[PDB]
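K.L.:
Let's see this in three dimensions:
(9 chains)
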Amino acid sequence: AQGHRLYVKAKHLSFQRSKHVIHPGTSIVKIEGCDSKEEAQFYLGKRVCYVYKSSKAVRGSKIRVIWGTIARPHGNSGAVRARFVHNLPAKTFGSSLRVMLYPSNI
Amino acid sequence: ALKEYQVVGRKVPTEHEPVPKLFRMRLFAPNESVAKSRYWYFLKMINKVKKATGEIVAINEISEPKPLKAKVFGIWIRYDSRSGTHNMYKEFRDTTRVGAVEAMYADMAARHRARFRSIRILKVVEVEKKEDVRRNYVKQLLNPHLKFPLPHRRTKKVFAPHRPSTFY
Amino acid sequence: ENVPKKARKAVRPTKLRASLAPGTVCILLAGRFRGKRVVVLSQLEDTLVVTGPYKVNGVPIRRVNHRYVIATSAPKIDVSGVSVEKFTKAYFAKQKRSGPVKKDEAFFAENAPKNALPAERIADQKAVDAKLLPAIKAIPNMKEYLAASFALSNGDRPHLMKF
Amino acid sequence: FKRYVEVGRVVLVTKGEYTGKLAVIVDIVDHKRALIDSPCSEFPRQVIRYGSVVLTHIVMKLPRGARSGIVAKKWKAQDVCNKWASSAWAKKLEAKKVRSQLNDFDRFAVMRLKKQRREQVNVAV
Amino acid sequence: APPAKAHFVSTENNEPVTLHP
Amino acid sequence: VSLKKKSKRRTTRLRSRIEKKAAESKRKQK
Amino acid sequence: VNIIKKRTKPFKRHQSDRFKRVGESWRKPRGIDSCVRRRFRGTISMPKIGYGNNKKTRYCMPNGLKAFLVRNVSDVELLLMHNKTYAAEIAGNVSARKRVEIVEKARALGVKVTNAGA
Amino acid sequence: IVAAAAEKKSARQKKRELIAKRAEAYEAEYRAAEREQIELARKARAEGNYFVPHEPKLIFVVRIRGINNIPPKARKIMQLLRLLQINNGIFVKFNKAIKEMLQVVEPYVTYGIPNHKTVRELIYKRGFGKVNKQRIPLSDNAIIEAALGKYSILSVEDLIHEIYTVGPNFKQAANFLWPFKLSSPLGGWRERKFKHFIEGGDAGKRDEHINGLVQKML
RNA sequence: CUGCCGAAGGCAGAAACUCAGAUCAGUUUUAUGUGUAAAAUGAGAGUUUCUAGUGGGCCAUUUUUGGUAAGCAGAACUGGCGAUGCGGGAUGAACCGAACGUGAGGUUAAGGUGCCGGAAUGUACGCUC
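P.N.:
Residues are numbered from 1 along each chain as shown, chains lettered A, B, ... in the order given. The protein structure is shown below:
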């Protein structure tokens, strides 16, 4: 039952934004276990994926994935900035992302 | 932070004054540029020596000779207030003259709403004699059998599973 | 029919990570064999010519990109006793698809290890295993460590743990 | 269990580049800072605030303002080293340090070992 | 006028005196 | 809750009028 | 080289989504204090010269060939030396007889047609 | 054709060691200049006397306020200095006349004495020559030799020397150089950017601390 | 429809031709007392000619006199507004930054980092119920 999860958990917090302007081109991601910018240095360049499900069956699957990459840290508390192939929808605020361990650098 | 500097200066020699006198002051400033300006206005207000006709001849940062020995420093300062004039004398126990001055600036900004430009330091002297100490809290620190529990214990990792100890 | 400018981009050999020396136990982070532990036979131009002992975890001779590999601090396994020069890019070349007109359940029956896979490839793999098993049998826990699989759990921080 | 700030109380540094090291208070500078030393060479004499350290229960006789040389001398004489370790608190701390230094192969060693620990679960009827 | 050149400022004749504001 | 009888926040005319007439006070004392 | 469009949304006249007497075609606002002319936040953008696309790709279709209007076989033959950069587009009023005659002529020319299957 | 090519290559080579010898001479001069200042200070300290360094003839000025709400007098002065944007930097021959001119735009610019690394770093990376009223980067010594060949400046090292040491042709060398267009400083400015540098702000003279700003600017 | 130039409280532009100049400067030095005269830096500088629009006012600044419970009134200069979007001050004609082609990346200004809200429930010293 527990022989899997080669990824770490994350939450899609919000768009990289000012007080009154949002920039959906890059998103803010909070990785579980990461609590500083020096710790976020490890997760820089990793491949983050957003997994959701839909009604219509494409390629015989309900599951669709949107890829992304951690680019830079954000703030002091360990949050990072992520850039995806398709900008994440604004309805996914607080949804769960899966940050994989590749490309590995260690 | 702060560093203690000695600034030695004089006016430019002329025929009237072939050998101008050399004026040295011990003063505290974050960097050499602030120290030179701090000195120049002091020289203006004490001896009326203009900045234009003068020159800074020597600048030297000073390090604490014994930074590893706890000392008591008494500070004579002058304050500009609503009345524009006040005189105070405080005592701080610290191992460095620079730290004592920093503590004095923080205390005065905390109490009398004093800024760096409003405060001018007259003298920072060391008080080795226990009897010469006037402040009771300094004397409290100087007592031989000083002992006390830790004050202000105050203690990302949100959602702690257990209650805090905040004791022994 | 314009002639493109001569690009001044020359090809130079890869500088692999120093930790990926041959004989090191590593975890696959992707592919069909994700989480498995393997022994690095050698370093190719870009990837690692690697295999887990097939008699232990059943991982055949495969290339894996060095960016999808977790290097361990596990003690080195001797590989100097087996040849690695027979593993080339041409050796691993996946011939050519030659048209997508396939996959009518016949390309997939005629696939798998029963067919396609030559008896020669089985011979090198068994030969490599024969030269590798005595080492891992001598040093304790390598057989069991390699048969197991890597996975994360609660309270596990990849940026803190060192492999 | 009081932990009064005495002259000669040995303490455990918890904040700064010297985290995890063991020191002893030589002088009490003021209400909120103190001077500490240690026989260990890697830790130099310095003045540290009380927010970056937790007091231990071990008190060692030490004249005020002593130099590092005799601080090591008295430290070795009363055997403060390995007296701190004798406490279960230090055993827990060093156990955590070894567990942090641990690796994946040895984590699999711990895997098997604690499985052999749960092997028995034998209770008398 | 060019910047003041480097020169010497002998103090054995007039040793520096401490000034306090 | 405010817990006051008079609001601690000020109107823009009122805040602007202070700098209007505080400066005049310095003019008068000069 | 590839095709890059700076913008895809077309500029709609202000309030054309509120009134039907106001057409969808762009008209430059003239009021001195109008929000659109003064370019406030959250307002429909105005056609600027900076919005233009690359000259090497301007007027080119997604496949890179500029569409050239063709009515008769003569117009088809004019694309003989420009088949790699122009594509013949059949005029909408060309009858069925000339359409099949033209489309086979272009197919023999090796000239792409953007409305051949009609 | 072969004779002309050989003649070209030879003379171009003879120009190359000429540049090499000049650059070596300037580097030795800098080290001998710093050695003598240290020796002068050390011997003065040993004798109990004091030593006053030369006041540097070179100043680097960076404009730190936008083009808005500037009095016309300061606007004209910075127009004379060619500081028409924020973060724009210029090398100026600091003298008696420049000092009072900078005293007026003191709230709007910050200036200090640059060191060898700063003047070398700026010219190599932000160095753009003004050729035919056009902004041309200094990507080769051909531009320098063709534009300042009448003042015996033939390479980037020659230009660096004429700027850092304030040579006889400093005006021509500086006027040939387009104003430096520096980026916003990495790490940022202080809490308040428009106070005096002596008061915890950023404007006004800052002496040897202009180097720290320039490193962030670049 | 788009582009360029662009005010005014005698201007901006167009055409006709001077000198590669010591020719000008909302500037600073030097000398003589804000005036004048003769080094710094920047800029290619100019002259005659004709021809659109405007000649208003609000806000603040520093120089004075008349003033009174109390504000207030009359001058001169300076800018901002007016033709000006953008960031911040919860929002705003006059407050703090910043002058605007379409985009990508980096870095900042002003202001901020408990939540709404992007950012430390950061560090250090005091004051206050």
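K.L.:
which non-adjacent residue is nearest whatever residue of chain E ends up closest to chain C?
P.N.:
Closest residue of chain E to chain C, CB to the nearest CB: residue E:3 (49.2 Å). C-beta: built from backbone N, CA, C; applies to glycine. Once flanking residues are discounted, residue E:3 sits nearest to residue H:55: 3.8 Å by CB to CB, 6 or more residues apart in numbering or on different chains.
K.L.:
For the one you found, give me its contacts.
P.N.:
E:3, E:4, E:5 (CB atoms under 8 Å, 6 or more residues apart in numbering or on different chains).
K.L.:
Quick one: residues contacting the second one.
P.N.:
By CB under 8 Å, 6+ apart, the contact set of residue E:4 is B:12, B:55, H:52, H:54, H:55.
K.L.:
Using a markdown table, lay out these together with distance to residue C:139 and secondary structure.
P.N.:
Shown next, in a markdown table, are the contacts of residue E:4 (distance: CB to CB, whole Å; DSSP: H, G, I helix; E, B strand; the rest coil):
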| residue | distance to residue C:139 | secondary structure |
| --- | --- | --- |
| B:12 | 83 | coil |
| B:55 | 77 | strand |
| H:52 | 74 | strand |
| H:54 | 71 | coil |
| H:55 | 73 | coil |
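K.L.:
Can you name the two of those that sit furthest apart?
P.N.:
B:12 and H:54 (15.2 Å; CB to CB).
K.L.:
List, one by one, the residues from chain A near chain C.
P.N.:
Contact residues (CB under 8 Å from any CB of the partner chain) of chain A with chain C: A:2-8, A:33-34, A:39, A:42-43, A:100-106.
K.L.:
go again using 6 Å as the cut-off
P.N.:
Remark: the part of chain A in contact with chain C comprises A:3, A:4, A:5, A:6, A:33, A:39, A:42, A:101, A:102, A:103, A:104, using CB under 6 Å from any CB of the partner chain.
K.L.:
could you dump those to TSV with secondary structure?
P.N.:
Below are those laid out as TSV (DSSP: H, G, I helix; E, B strand; the rest coil):
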residue	secondary structure
A:3	coil
A:4	coil
A:5	coil
A:6	coil
A:33	coil
A:39	helix
A:42	helix
A:101	coil
A:102	coil
A:103	coil
A:104	coil
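K.L.:
which stretches of chain A form helices?
P.N.:
A:37-43 (DSSP state H).
K.L.:
distance of whatever residue of it ends up closest to chain E from RNA strand I?
P.N.:
Per CB to the nearest CB, residue A:76 is where chain A lies closest to chain E, at 42.2 Å. Separation of residue A:76 from RNA strand I (CB to the nearest atom of the strand, to the nearest Å): 4 Å.
K.L.:
What count of nearby residues applies to that residue?
P.N.:
Applying other CB atoms under 10 Å in any protein chain shown, we find 10 residues neighbouring residue A:76.
K.L.:
Without its sequence neighbours, what residue ends up closest to it?
P.N.:
In space, and not counting its chain neighbours, residue A:76 is closest to residue A:37: 6.2 Å by CB to CB, 6+ apart.
K.L.:
Tell me how many other residues crowd that neighbour.
P.N.:
Neighbour tally, residue A:37, other CB under 10 Å: 17.
K.L.:
Could you double-check that it sits in contact with residue A:73?
P.N.:
Yes: the criterion here is CB atoms under 6 Å, and residue A:37 meets it with residue A:73 at 4.1 Å.
K.L.:
how about residue G:50, secondary structure?
P.N.:
Classified using three-state DSSP, residue G:50 is helix.
K.L.:
before we move on, what about residue D:111?
P.N.:
helix.
K.L.:
Residue A:65 and chain C, how far apart?
P.N.:
14 Å (CB to the nearest CB, to the nearest Å).
K.L.:
near RNA strand I, anything from stretch H:160-171?
P.N.:
Yes: residues of stretch H:160-171 contacting RNA strand I under CB under 7 Å from any atom of the strand: H:170, H:171.
K.L.:
Just the endpoints, please. Distance across that stretch?
P.N.:
With CA to CA, to the nearest Å as the measure, stretch H:160-171 spans 13 Å from end to end.
K.L.:
Is any residue of it near chain E?
P.N.:
No: Stretch H:160-171 does not reach chain E (CB under 6 Å from any CB); its nearest approach is 9.7 Å.
K.L.:
ok, the residue lying closest to residue B:147 once chain neighbours are set aside to residue C:66 distance?
P.N.:
With CB to CB, 6+ apart as the criterion, residue B:147 has its nearest non-adjacent residue at 4.7 Å, and that residue is residue D:4. Distance, residue D:4 to residue C:66, by CB to CB, to the nearest Å: 58 Å.
K.L.:
Tell me which of the two has more neighbours.
P.N.:
Neighbour count, other CB under 10 Å: between residue D:4 and residue C:66, residue C:66 has more, with 21 against 12.
K.L.:
Can you tell me how far that one is from residue C:36?
P.N.:
Residue C:66 is 16 Å from residue C:36, by CB to CB.
K.L.:
Residue 39: neighbour count?
P.N.:
In the absence of a named chain, this looks at chain A. Per other CB under 10 Å, the neighbour tally for residue A:39 reads 17.
K.L.:
that's the wrong chain, I wanted chain D
P.N.:
The criterion is other CB under 10 Å. On that basis, residue D:39 has 18 neighbouring residues.
K.L.:
Return the backbone torsion pair for the nearest residue to it once chain neighbours are set aside.
P.N.:
Leaving aside its chain neighbours, residue D:39 sits nearest to residue D:72 (3.5 Å; criterion: CB to CB, 6+ apart). The phi/psi pair for residue D:72 (degrees, to the nearest 10) reads phi -60, psi -40.
K.L.:
show me what contacts residue H:112?
P.N.:
Contact analysis of residue H:112 by CB atoms under 6 Å, 6 or more residues apart in numbering or on different chains lists H:206, H:207, H:209, H:210.
K.L.:
is it in a bridge, and if so with what?
P.N.:
Beta-bridge pairing of residue H:112 under DSSP bridges involves residue H:60.
K.L.:
and chain A, which residues reach chain B?
P.N.:
Going by CB under 6 Å from any CB, the residues of chain A near chain B are residue A:35.
K.L.:
Distance of the closest residue to RNA strand I within chain A relative to chain C?
P.N.:
Nearest residue of chain A to RNA strand I: residue A:75, at 2.5 Å (CB to the nearest atom of the strand). Separation of residue A:75 from chain C (CB to the nearest CB): 17 Å.
K.L.:
Tell me how many other residues surround that residue.
P.N.:
Close neighbours of residue A:75, defined as other CB under 10 Å, add up to 13.
K.L.:
With residue H:154 instead?
P.N.:
Neighbour tally, residue H:154, other CB under 10 Å: 19.
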